[PDB]
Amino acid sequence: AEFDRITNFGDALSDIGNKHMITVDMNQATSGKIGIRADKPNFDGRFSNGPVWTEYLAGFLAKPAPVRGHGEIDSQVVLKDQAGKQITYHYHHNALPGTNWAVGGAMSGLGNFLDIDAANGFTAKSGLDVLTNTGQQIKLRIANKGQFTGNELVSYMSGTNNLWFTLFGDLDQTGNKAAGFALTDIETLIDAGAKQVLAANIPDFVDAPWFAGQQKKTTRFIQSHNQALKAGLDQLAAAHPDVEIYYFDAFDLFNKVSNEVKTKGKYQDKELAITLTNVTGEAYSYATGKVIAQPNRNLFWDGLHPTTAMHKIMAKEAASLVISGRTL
């Protein structure tokens, strides 16, 4: 072989419980004044009803399962009850020097972001921006664990949230601006001695329930993001011929599965024991907590995250890429 371990960077498509467990730890440290992200009925802090694709990926490749990793957290958390009376916490967590540095909500590029809520009549004033963007994860991994030895496979899957906070936040990025941030991040991996890079584009989320009414904006971003991303990875592969870059075309995989289900009625993988019959509906309703009888019929778990069945589909394709040795 050429790698005995996998390192993962990105968002809730890859995260095995960082966003969840930091909200759990902050909830405990504040006696319940911070809301828990990825609560039940989500599976053990995954934004899905089971393991995510990084977990199936270790399985398919016979490598160690992902272990959560993150950098030191140190924040002054300022909250106000509904009287406007202020309460301050010094929240601290030691670095966790694991292998899966992915975090729900993370955008391509550097810095911290806000994706945690106050609970129980409290409102957050400052200090809740403790979560780390994909480039920041890489920065913190390198600080804690040093340069890559080159016996690693490094997964990179980011950009979904550059879209998310453009649609619903005050981020105001084009797809190709978001791609730029991804390409800077992947270059940092190469510069840090990454010799095997599994780089995924943004899935085809045109039918993501949470993007209802935003289909044109989401289409333009994802296509212009993925166009720029691919162009940039071809250049990086030319610049770095000692680096194996595998382009996981998550968009094309999603598009194929969605197409098979709309035109044939199902997408069946007999080797995975998975049959999808639904590529447009939520298996789980965020607002009610209610969950359909057979979620693993669905592409979508909630209004955006895939089900564990779709994660296994994603991991099979990615694993086949690496095993096939099809690099840029």
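In this text, residue numbers run from 1 along the sequence as written.
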| property | result |
| --- | --- |
| Mean temperature factor over C-alpha atoms, higher-scoring stretch between 256-264 and 57-65 | 256-264 |
| Entry-level comparison of average CA B-factors, 151-159 and 106-114, reporting the higher stretch | 151-159 |
| Identity of residue with top Cα B-factor, from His92, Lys139, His240, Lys145 | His240 |
| Which of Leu183, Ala200, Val197, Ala124 ranks first by CA B-factor in the deposited coordinates | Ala124 |
| Cα B factor band for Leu272 (lowest, middle or highest third within the chain) | highest |
| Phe205 - Cα temperature factor, lowest/middle/highest third of chain | middle |
| Relative C-alpha B-factor of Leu128, binned into the chain's lowest, middle or highest third | middle |
| Position of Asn42 among the chain's modelled residues by C-alpha B-factor, lowest, middle or highest third | lowest |
| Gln294 - which third its CA temperature factor falls in, relative to the rest of the chain | highest |
